[PDB]
Student: 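Before I ask anything, let me first share the structure, which is written out below as structure tokens.
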Amino acid sequence: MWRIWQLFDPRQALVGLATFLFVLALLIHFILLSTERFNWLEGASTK
Amino acid sequence: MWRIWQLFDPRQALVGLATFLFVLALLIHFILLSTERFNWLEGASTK
Amino acid sequence: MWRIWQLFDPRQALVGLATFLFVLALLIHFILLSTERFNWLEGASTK
Amino acid sequence: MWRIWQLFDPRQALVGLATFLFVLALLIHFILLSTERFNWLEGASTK
Amino acid sequence: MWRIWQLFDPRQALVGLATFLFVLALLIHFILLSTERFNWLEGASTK
Amino acid sequence: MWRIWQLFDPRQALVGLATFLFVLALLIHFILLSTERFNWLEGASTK
Amino acid sequence: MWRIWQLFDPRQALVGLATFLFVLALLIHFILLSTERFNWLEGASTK
Amino acid sequence: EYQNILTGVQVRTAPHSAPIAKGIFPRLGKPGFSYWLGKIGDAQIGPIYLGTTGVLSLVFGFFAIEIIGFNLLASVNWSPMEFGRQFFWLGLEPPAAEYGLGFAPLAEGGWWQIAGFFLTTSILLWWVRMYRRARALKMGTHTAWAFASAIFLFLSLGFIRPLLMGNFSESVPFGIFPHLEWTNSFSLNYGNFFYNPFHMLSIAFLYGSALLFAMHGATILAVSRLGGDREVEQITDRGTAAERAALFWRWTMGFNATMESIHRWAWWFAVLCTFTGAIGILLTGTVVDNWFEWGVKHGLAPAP
Amino acid sequence: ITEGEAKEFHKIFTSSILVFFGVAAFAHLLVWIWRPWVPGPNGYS
Amino acid sequence: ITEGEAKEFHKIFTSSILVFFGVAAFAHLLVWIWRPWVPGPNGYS
Amino acid sequence: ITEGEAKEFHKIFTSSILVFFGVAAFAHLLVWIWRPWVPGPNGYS
Amino acid sequence: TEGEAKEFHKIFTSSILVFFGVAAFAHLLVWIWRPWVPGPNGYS
Amino acid sequence: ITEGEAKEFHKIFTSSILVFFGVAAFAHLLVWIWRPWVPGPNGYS
Amino acid sequence: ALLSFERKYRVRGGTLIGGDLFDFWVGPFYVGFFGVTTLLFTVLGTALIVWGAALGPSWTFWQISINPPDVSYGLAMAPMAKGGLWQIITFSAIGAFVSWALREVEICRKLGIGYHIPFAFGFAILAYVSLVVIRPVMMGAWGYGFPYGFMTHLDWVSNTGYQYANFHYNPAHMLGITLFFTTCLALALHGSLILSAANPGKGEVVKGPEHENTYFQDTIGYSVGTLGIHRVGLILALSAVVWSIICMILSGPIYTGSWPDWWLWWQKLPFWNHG
Amino acid sequence: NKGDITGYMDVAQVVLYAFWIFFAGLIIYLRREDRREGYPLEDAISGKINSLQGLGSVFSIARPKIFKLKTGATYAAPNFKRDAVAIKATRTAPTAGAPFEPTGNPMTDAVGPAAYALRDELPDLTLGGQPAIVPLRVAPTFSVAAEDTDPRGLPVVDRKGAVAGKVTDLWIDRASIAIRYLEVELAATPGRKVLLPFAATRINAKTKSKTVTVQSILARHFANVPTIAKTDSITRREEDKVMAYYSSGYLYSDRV
Ligand code: 07D
Ligand SMILES: CCc1c(C)c2cc3nc(cc4[nH]c(c(CCC(=O)OC/C=C(\C)CC/C=C(\C)CC/C=C(\C)CCC=C(C)C)c4C)c4c5nc(cc1[nH]2)C(C)=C5C(=O)[C@@H]4C(=O)OC)C(C)=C3C(C)=O
Ligand SMILES: COC(C)(C)C\C=C/C(C)=C/C=C/C(C)=C/C=C/C(C)=C/C=C\C=C(C)\C=C\C=C(C)\C=C\C=C(C)\C=C\CC(C)(C)OC
Ligand SMILES: CCCCCCCCCCCCO[C@@H]1O[C@H](CO)[C@@H](O[C@H]2O[C@H](CO)[C@@H](O)[C@H](O)[C@H]2O)[C@H](O)[C@H]1O
Ligand SMILES: CCCCCCCCCCCCO[C@@H]1O[C@H](CO)[C@@H](O[C@H]2O[C@H](CO)[C@@H](O)[C@H](O)[C@H]2O)[C@H](O)[C@H]1O
Ligand SMILES: CCCCCCCCCCCCO[C@@H]1O[C@H](CO)[C@@H](O[C@H]2O[C@H](CO)[C@@H](O)[C@H](O)[C@H]2O)[C@H](O)[C@H]1O
Ligand SMILES: CCCCCCCCCCCCO[C@@H]1O[C@H](CO)[C@@H](O[C@H]2O[C@H](CO)[C@@H](O)[C@H](O)[C@H]2O)[C@H](O)[C@H]1O
Ligand SMILES: [Fe+3]
């Protein structure tokens, strides 16, 4: 699977991967913040 | 079936399929979060 | 009926067919979800 | 009759025919879905 | 009459005639669907 | 009263005349449909 | 009074006269239809 | 004192166009010429390309338009006079709340749904047509994505927000005055749509698009005596028209664009005008019930 | 256009006038037999 | 274009007229037998 | 485009005409068996 | 070309049949789960 | 594309599609074990 | 501090007023006499706006507002505490806008280009003047101008729009909205066409004017032309502003009623006034 | 409540701040695209590469994008090809902000509004690889449309009314169908021929007679209009030179 970089530029692919992962992580974090159970800033009760 | 890549370039096919799969996965996940039974973050009772 | 490809171009015909089939599948799935009997995500009681 | 294709290009005739038939069939299915009698998914009673 | 078709090109004439007849037929079907008596999709009664 | 065609070319004259006649007929039919007396589709007692 | 026809060619003059007279006839008929006394279709009584 | 606002002397030659592969469909339209259009711009008309995607889009769009017009005419009992009277007030209304996202009865919003589906399909097929026409001429697809922004706003108004609310009841009708009344009632139901910040962003970008396309139009018309109207050629080989266009704005404003990058600004202001608008529409009702109370909470209002 | 062709076209066009106007007149006769469209002094009754 | 190459077109056209009008009249006859579309003095009841 | 190119296309085209019409007619007969779409005098049963 | 159309059709028909077989299996399973043709009294 | 590299891409693309489908199938089986998504005749519970 | 081609057009002359006194540059900016005057008016107006913010209760940038005098003052000058500050800021803003346009005129003369840009800016200045001077004068009070505030001038827009109970029904407003939307659409199309011609893809040599014409001939059926597009765009924006000015002059100075029922005239034309 | 994320922060505010971040990035991108011509900046007097610029310099200038031509040619943007510091003018004051006194006739010295970009000596190309700006003599197919005054043989006069010359030929752009130039034979020198841009003309079709007037330069200024080589195909540099010369009239049309 090392030939993928013969198709995709390592610099461009790595930058795009980094940005995509950052946006995905940020969105997942904000989604967890929105929920009552997994918001770690208010800290609501499980019950 | 190897001849389909004769018609379609591996690189454009890869990027298009990657974006399609990610968008479809996001859409299905958002649909599941929209349903009461399958929202794993609110965790509504099966009852 | 093998001459159907002697009129149109395999590559464009294939991409058009794939796009049309996917859009039709999405439409039928969305219509089924919009119905109470066949919405497999919401709790669907026959009676 | 046999020379209907000497005035119309068979590719254009086929494309126009397929487009019109697809749109008409979609419209007919949508209209039946918008009925208390022929909506096969809602399945309302005849009586 | 073997000399009256030298006034219009048969291709465009047939296409225009087909489009016009289809529009008129669609309109007549729509008008029937609007009227209670001739709306065949609904179970309206004569008396 | 035959010398008209020296000026008005039959081709475009017939097309314009046919379109005008169809539009006029459609207009009269719609006007008749609107009126409660001459609507042959809805049906209403004269007396 | 015949001298009109070396400034106004009969083609444009007659097509303009036809359009003007047809529009005026439509106007007068519609204006009559808007009045109760002269609406021959609704046929409101004189008294 | 000439201004290049109107073309006093016109030129007319044998119509010609860039070469495309023949394809299933040929170019159609027997090109002609017009005088006022040549006074304001080019004089040639057509020919229009009608491909498979073009036929598909035209058929779907014509079906939607015929459905809408038939319903509008039927709403006034097929009276041409009364159709003329109420044409602006006529509208194909969306289905009520109780029907959800499923098919309503034809009289109760089924026709609205069918027309909206056909219109959406024709608009998306037209987007595909713009993409394919740009690709066929060996050009870029910037127009397709600029159009995709507008389609995003359109689908947010008509389909996406109904999906989120699970309801077509608050979608926009097919009418002249009815869709303005939808705009007014949508703003009223959700508290002073001025207090929607993405509405403020969209208005900022609409104002900026008008401002930019007046600035750029006046700049190109001001350097049109220097070959400045030939923008792509000044992009590939910078002439003194582009230099003076840049220096005018650099001296009056402190900064400047390129003949190429000014159109990037033009593209992005227009795109953002509808992107922020679609976001603001998707946010109302779903996340923010009342935009005035959101503005009060976040310091946009003096907190009555 | 040659006057003979114009004369022939006029003849066939007058034939079409005859058939169309006859059809329309028969249609109007049938409609009047069904329901007249000239109301009386006291209206439609 | 050529008269000799279009007379057969007219033959096909008139055959299509015949068949289409026959199908249309057949359909209209069935619709009339199902429900007539000319109301009488009392309407339709 | 030629008199020969048109012959095979017409053969296959009319084969498809018959196949499509037969499939549609069978589907319509099935739907009519399920629920008829021409109402009676008193409406649908 | 038209020579390659033979092999293209040979593989295209096999793809058509396999896709249709998967779709038909899905439809049969769905019909077992919930048939979509109601009876005279609606659904029950 | 060159047939020699087309064969290699098809081989390892087929392997990768097998991997993705297998992981997705495992995920679906886990979700089904957790909560099935095909309701019974009387709803879910 | 200069572009690669800047130290070739930095000649003197082209100034309407000031001679050689202010014919110089500061950084990238050209100053001139009218740059000095626009600094004079901008500094004073901004200082007065900040002073009104200090007199205000917020310092919240979006709640800072400078209100015009109450309508009970009519067209009279108002005390600075209550209404007069808005008037002075209005006059300073008008002076600064005029100085800006005139400085643009001097720059146009210096570069030997047309005066299209200051002429186009004149329409924005006219729209502002119609909103704060012309319409309040016709209506008879300075309190019909809009407050100088981020969100409060939106409150003014909403209040005046609903004063006629639906301001969409203003036909000049409909036409101005149509022109603004068409300007945005035309700008999108123009920027997109230029970018696509200049950036056609991998390989894909730069396309010429013929390709740009062909694109919109194929997609729409007509192509305006690489020169006529800037014409129609400038005319579209200026006409949108003109019709907005017209719709605001029509509301209050001319029409003082419900715009929705203005359209009953249409309902009662003699060829469908069924009554 | 319904739409909040953490107490005071809600979804709409988060999406707003996401837009603000995206718009900051987009402004950076657009400014990078803007800085593709005339950059980097030079000193106003000495011309060394200097400017008051911060940590954004590394992000200020983009890598040169490559434009491909339909001739094998290529343009690089930015190409760091700058102008010479020493122009035919002198600083009024040595303060780096002062303007320039021309040191000669600025019409023919290309100083100020007469200055023209140092382009390349190739005519604009059509879709067929031929010159776009051509005289109507060598384009038989192209013709002047009717309902418009034909600007052939009309006297060419300035604002003062003096007849500068006579128009003989029209030069037109093939890529965009419109008149670009009028070929003018001098009434003072038959052996001299000049090109006058069509954008610099008034039609003047509504007067006692038909004439072409120019409001920029005077009649004598037609004796120093820059010349062209081929007389049937004009390069970009030559046309830019001629347009710059004609546009220089308005500033100093009456001496300096
Ligand atoms: C009482 C009303 C209330 C009041 C407070 C107020 C006032 C103001 N507003 Mg607002 N507005 C209110 C409500 C409100 N407002 C908007 C929108 C905007 C945006 C639109 C941008 C655009 O181009 O749209 C327009 C673009 C669209 C709709 C998207 C593209 C459309 C397409 C591709 C259609 C293709 C069509 C065919 C192919 C043709 C065939 C089809 C048929 C025949 C059926 C723009 C910025 C804008 C401007 C201002 C200003 C200047 C003011 C001033 C001065 O007061 N408003 C939309 C939006 O984006 O909101 C976030 C939206 O949905 C919505 C609502 C509900
Ligand atoms: C940046 C955001 C910007 C905003 C401010 C903005 C707003 C609005 N943009 C609006 C309308 C359209 N926009 C468009 C097109 C789509 C055509 C379509 O869908 O046809 C598909 C539909 C249909 C086929 C349905 C009917 C058909 C009719 C009336 C003909 C029926 C009769 C027939 C077929 C028979 C006779 C003829 C024969 C040949 C047999 C229309 C004219 C397009 C683009 N917007 C862009 C952007 C913007 N649009 C860009 C970049 C564009 C394109 O690329 C594309 C285009 O073609 O532009 C030239 C509206 C109503 C707006 C408002 C204000 O509400
Ligand atoms: C050619 O025409 C002749 C006959 C002359 C006349 C014909 C017609 C006429 C006169 C038409 C006039 C039309 C008018 C006045 C139209 C006005 C239209 C306006 C202003 C529309 C404005 C906005 C409407 C919008 C944005 C609606 C958007 C709706 C959408 C996107 C809905 C999509 C819905 C979908 C996809 C539904 C999905 C649900 C189901 C399950 C049904 O999908 C299958
Ligand atoms: C199903 C619900 C309703 C939605 C409608 C779904 C069907 C319509 C969209 C199908 C997808 C269309 O996708 C597009 O199809 C057409 C053929 O039709 C193909 O395009 C074809 O026509 C173009 C027209 O310019 C020609 O150049 C050429 O004949 C061929 O390329 C494209 O390669 C494909 O991208
Ligand atoms: C091939 C592709 C195109 C398919 C086209 C198909 C067209 C089909 C047209 C069907 C017409 C049927 O015509 C119809 O026949 C049935 C009997 O069978 C009659 O029966 C009808 O009325 C009776 C009396 O109440 C009812 O009991 C009955 O349920 C109802 O169907 C109708 O009075 C007659 O109008
Ligand atoms: C590519 C995919 C192709 C899909 C093809 C689908 C073909 C559909 C086959 C229909 C078979 C009919 O099968 C028969 O239909 C009748 C209605 O007429 C239904 O009737 C039955 O179900 C209904 C509703 O559940 C109830 O009232 C009752 O249980 C019974 O009447 C049953 O479903 C079955 O007895
Ligand atoms: C490869 C990755 C993606 C994989 C996607 C494929 C997923 C396929 C899921 C559906 C497969 C069929 O799954 C089968 O459905 C039937 C209904 O017909 C279910 O039905 C059975 O269980 C339900 C549970 O409540 C009972 O109510 C019902 O009486 C009983 O018949 C079975 O529990 C299930 O085993
Ligand atoms: Fe431009």
Side-chain angles (χ1 to χ4, degrees), chain B residues 27-39 42 44-47, chain C residues 24-47, chain D residues 26 28-47, chain E residues 41-43, chain H residues 94-114 116-117 159-171 285-286, chain K residues 31 34-35 44, chain L residues 26-44, chain M residues 31-32 35-45:
Chain B
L27 162 73
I28 298 171
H29 277 100
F30 285 150
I31 290 165
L32 290 186
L33 286 167
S34 282
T35 68
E36 177 178 22
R37 171 182 178 84
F38 295 108
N39 194 298
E42 302 295 323
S45 184
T46 301
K47 300 289 94 175
Chain C
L24 179 68
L26 269 177
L27 170 68
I28 298 169
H29 280 102
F30 163 78
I31 281 160
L32 290 187
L33 282 170
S34 303
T35 62
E36 183 178 1
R37 174 173 216 259
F38 288 112
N39 189 302
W40 62 100
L41 302 165
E42 293 179 353
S45 54
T46 291
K47 280 82 70 165
Chain D
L26 201 47
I28 297 177
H29 287 89
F30 282 168
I31 292 171
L32 281 71
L33 285 170
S34 313
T35 48
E36 305 276 326
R37 184 166 162 93
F38 305 105
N39 195 320
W40 60 98
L41 308 165
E42 277 175 27
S45 175
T46 297
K47 64 179 71 66
Chain E
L41 302 173
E42 282 158 328
Chain H
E98 65 183 1
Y99 293 116
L101 304 166
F103 287 85
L106 286 180
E108 289 258 345
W111 279 125
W112 182 95
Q113 290 166 314
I114 293 168
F117 183 87
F159 190 63
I160 306 179
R161 194 184 176 283
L163 272 173
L164 301 184
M165 306 285 300
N167 219 4
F168 279 118
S169 79
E170 208 165 10
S171 198
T286 69
Chain K
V31 171
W34 168 59
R35 268 176 204 186
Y44 287 122
Chain L
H27 284 75
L28 187 153
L29 269 190
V30 164
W31 184 276
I32 307 157
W33 167 59
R34 264 166 206 207
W36 55 85
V37 190
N41 294 83
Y43 274 129
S44 76
Chain M
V31 175
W32 181 273
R35 274 181 195 193
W37 60 80
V38 179
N42 216 321
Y44 269 120
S45 190

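Sequence lines set the chain letters: A, B, ... in the order given, protein chains first and strands last, and positions in each chain run from 1.
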Student: When rounded to the nearest 0.5 angstrom, what is the spacing between CG in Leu33(D) and CH2 in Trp40(D)?
Tutor: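 Answer rounded to 0.5 Å: 3.5 Å.
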Student: Are any non-hydrogen side-chain atoms of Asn167(H) and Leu101(H) less than 4.5 angstrom apart?
Tutor: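 When only atoms from C-beta onward are counted, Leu101(H) and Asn167(H) do not touch, as no gap falls below 4.5 Å.
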Student: Could you check if a side-chain atom of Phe159(H) sits within less than 4.5 angstrom of a side-chain atom of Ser171(H), using non-hydrogen atoms only?
Tutor: no
Student: Is any side-chain heavy atom of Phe117(H) closer than 4.5 Å to one of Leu26(D)?
Tutor: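 Contact flag for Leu26(D)/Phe117(H) side chains = yes.
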Student: Quick one: salt bridge (charged side-chain N to carboxylate O under 4.0 Å, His left out) partners of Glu170(H), sequence neighbours excluded?
Tutor: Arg161(H)
Student: For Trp32(M), give me all partners under side chain to side chain contact (heavy atoms under 4.5 Å, CB included), at least two apart in sequence or on another chain.
Tutor: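 If we apply the side chain to side chain contact (heavy atoms under 4.5 Å, CB included) test to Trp32(M), skipping adjacent residues, the hits are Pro36(M), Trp37(M), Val38(M).
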Student: Looking only at heavy atoms, which two atoms of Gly43(C) and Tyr44(M) are closest? And how far apart?
Tutor: CA-CD1, 3.6 Å
Student: Could you tell me which non-hydrogen atom of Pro38(L) sits nearest to which non-hydrogen atom of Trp34(K), and how far apart they are?
Tutor: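 Closest approach of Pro38(L) to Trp34(K), heavy atoms only: O-NE1, 2.6 Å.
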Student: Taking the six-membered ring for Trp and the full ring for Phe, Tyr or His, determine whether the centres of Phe103(H) and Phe30(D) are under 6.0 Å apart.
Tutor: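 Judged by ring-centre distance (under 6.0 Å), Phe103(H) and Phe30(D) do meet the cut-off.
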Student: Verify the neighbour count for atom CG of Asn42(M): are there more than 12 heavy atoms of other residues, nucleotides or ligands below 6.0 Å?
Tutor: no
Student: Check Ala104(H) against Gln113(H) and note the closest heavy-atom contact, atom names and distance.
Tutor: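 Closest heavy-atom pair between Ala104(H) and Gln113(H): N-OE1, 2.8 Å.
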Student: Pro40(L) and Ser45(D): which non-hydrogen atoms are nearest, and at how many Å?
Tutor: O-OG, 3.5 Å
Student: Please find the pair of heavy atoms, one from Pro94(H) and one from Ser169(H), that lie closest to each other, and give the distance.
Tutor: CG-O, 4.1 Å
Student: With no hydrogens and no angle check, is any side-chain donor or acceptor of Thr35(C) less than 3.5 Å from a backbone partner on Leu32(C)?
Tutor: yes
Student: What is the minimum heavy-atom distance between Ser34(D) and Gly110(H), and which atoms define it?
Tutor: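 Where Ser34(D) meets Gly110(H) most closely, the heavy atoms are OG-CA, 4.1 Å.
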Student: What is the distance from atom CD of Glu36(C) to atom CD of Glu42(D), rounded to the nearest 0.5 Å?
Tutor: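 So the gap between those two atoms works out to 9.5 Å.
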Student: Partners of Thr46(B) by side chain to side chain contact (heavy atoms under 4.5 Å, CB included), sequence neighbours excluded?
Tutor: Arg37(B), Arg35(M), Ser45(M)
Student: State the CD1-CG distance between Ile31(B) and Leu163(H), to the nearest 0.5 angstrom.
Tutor: 9.0 Å
